[PDB]
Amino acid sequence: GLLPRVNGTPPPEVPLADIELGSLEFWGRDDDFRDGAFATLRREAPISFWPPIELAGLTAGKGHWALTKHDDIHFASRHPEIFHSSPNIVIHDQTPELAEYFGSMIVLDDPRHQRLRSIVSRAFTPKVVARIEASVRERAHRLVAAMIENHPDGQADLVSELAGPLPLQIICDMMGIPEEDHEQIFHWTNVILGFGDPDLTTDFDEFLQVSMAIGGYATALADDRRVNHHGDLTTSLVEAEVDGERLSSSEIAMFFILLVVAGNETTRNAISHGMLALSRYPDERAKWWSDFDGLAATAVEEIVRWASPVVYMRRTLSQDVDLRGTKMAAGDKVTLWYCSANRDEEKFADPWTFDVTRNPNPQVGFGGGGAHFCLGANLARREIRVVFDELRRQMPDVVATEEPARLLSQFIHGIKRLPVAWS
């Protein structure tokens, strides 16, 4: 990066009185402050109740109980009957009438959840998976090679040229989406991901129109595969069946919309954060680059722990709960701070060390476990592995050259711009 930081440096002590999770100012602070704040919560107030971020002039919603300890987050995850994912998994849903439209299975509880997830899982047939794995390698290889051909100067923004496009190109390939439609899908996806960001001034009207357009695209794509079988995920989604239940084109479209967010910005930020850490801790980059295949599993897992691309997921209590002697009421919101669990001193030795050999690594960046456990976790690990493999092969000395431009977000640990250079 630019800022010298010794591997293993703990975050500053942040006094409890200085932590305001309900403050947009809090989420704009650097990671050192945020990590130190969650370190304080874990030690002094591991379960605590916060108001949601108020966007002045817009409805804010009711507050939430922050779970900051790995054990609590794991417990909440493994009890979806108490900690519901319906109505939604963000602190405050700005379009609650569209919660299932954008959320597909992630906003569902059982039995609806298990039915949808089972049928979707069935669609990942060996032939479809093999195509996905080939796509991961091909797209990573192509995007890194193109970075080189597009930048004779040896510098680029990792996010725009690689971390951003790779996950979405992979989702497009698995849905069987023609190369010519990539620009449209990219534009729609970026408007959706960009909505609400201070700098991307997209209005709600454009956001809705884009949201319906990409849904209509996906329904049309699904409908085409009902007549024209192909070896893509879309066809296997239309053909998959569990206990006689099949997916409508509308349900497939909502799952696609989930993927272009949940399968996309997450992996993007894992990659960018992994690049930043491998840049800040060059001994870890040397270790991995010296034994790439042998260390890939622990290196990737450590990148996910380190990045925690999903900062939190929200649950809603169906029943009163008591735990760490803290009474939480039925109907209360609960938030699972993976960013905090992934630094929990009770679970990880040397939590502040980015260690590509880390083992064990019970990181919950894909969630605490249980029913909603990241459907694409293995795909994400593969994308991470392969993209760093292609960087190792084509530009082994690539390094971040500047601190990243951070996404202002409570939900996504986002990097907007990560300058890199290579020789």
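All residue numbers refer to positions in the sequence shown, first residue = 1. Rigid core: the largest C-alpha set superposing within 1.5 Å between the two forms.
Between 63-71 and 48-56, greater CA displacement relative to the shown form is found for 48-56 when the structures in 4 other deposited structures of this protein are fitted on the core. Here the rigid core sets the fit, and in 4 other deposited structures of this protein the C-alphas of 232-240 stray farther than those of the other stretch, out of 232-240 and 304-312.
Two stretches are in play, 204-212 and 301-309, and the higher mean C-alpha B-factor belongs to 204-212. In this entry, 173-181 has the higher mean Cα B-factor, the comparison being between 271-279 and 173-181. Within the listed group 387, 55, 374, 398, the record reports its top CA B-factor for 55. In the PDB entry, the Cα temperature factor peaks, among 100, 344, 157, 322, at 322. Ranked against the other modelled residues of its chain, the C-alpha B-factor of residue 47 as given in the entry falls in the highest third. Ranked within its chain, residue 419 lands in the middle third, by CA B factor from the PDB record. Sort the chain's modelled residues by C-alpha temperature factor and residue 361 lands in the lowest third, per the entry.
Per-chain ranking of the deposited C-alpha B factor places residue 288 in the lowest third. Per the PDB record, residue ranking by Cα B-factor puts residue 379 in the lowest third of the chain.
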